[PDB]
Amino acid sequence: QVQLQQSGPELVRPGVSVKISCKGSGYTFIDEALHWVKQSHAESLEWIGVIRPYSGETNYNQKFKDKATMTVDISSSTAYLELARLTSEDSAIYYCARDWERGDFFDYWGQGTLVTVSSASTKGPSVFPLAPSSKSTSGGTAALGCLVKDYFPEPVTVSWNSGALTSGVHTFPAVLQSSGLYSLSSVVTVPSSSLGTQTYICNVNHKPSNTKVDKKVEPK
């Protein structure tokens, strides 16, 4: 099973550099080229460059020549992208992606790394329960969740029951509070009948602040 695993989201100050990583597994790492692609929203996908671990050769998009440096560590099957002298233009999702030696297009992609360029300090979220109660029942179903409040920058990720619960989950887009901090909620609908037997725990991650929190959500 081919997989490209990228490093987590980054908050970086303007003018500083950031180095993001991409680890390949499920194939012989040295054997395939690895490309980097930027995704914003306004210029959606842009090819940054390619590194060929087998030869050490790099080719850069002229648009990124002054900005980007591509390297590999063969012994650990990891490629690195270093972006220097960051500005607001550099806040984006960055992907690594593999070609399959049929041309410069990509069969397997990493999950993306979100880079936010900002002079503001990171802030970790507070996590509060949204308890199933008599005010959250509908046709024999109950809704419950977690409120993830007051964090910076994005992203927060939320899972339920360590990834074992995915059906009927809605993790909403963050809103920007007047403070400049973000808030989101993640909810799930479940049978009302089994509130006494099942356990519901939201697992909240905010990498920039090194927050990993878990909250058991119980009827009140």
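Numbers follow the displayed sequence, beginning with 1.
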Discussion item. Tell me which stretch has the larger mean Cα B-factor in this entry, 132 to 140 or 119 to 127.
Written reply: 132 to 140
Worksheet item: Of 187 to 195 and 34 to 42, which one has the bigger average CA B-factor?
Response: 34 to 42
Worksheet item: Reading the B-factor column of the entry, which of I93, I74, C96, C146 has the highest value at its C-alpha atom?
Response: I74
Item to complete: Looking at the entry's B-factor column for C-alpha atoms only, identify whether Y80 ranks in the lowest, middle or highest third of its chain.
Response: lowest
Worksheet, complete the sentence: Split the chain's modelled residues into thirds by Cα B-factor; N203 lands in the lowest
Item to complete: Compare the C-alpha B factor of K215 with those of the other modelled residues in its chain, then answer lowest, middle or highest third.
Response: middle
Item to complete: Taking the chain's C-alpha temperature factors as the reference, tell me which third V175 falls into: lowest, middle or highest.
Response: middle
Practice prompt. Quick one: classify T166 as lowest, middle or highest third of the chain based on its Cα B-factor.
Written response: middle
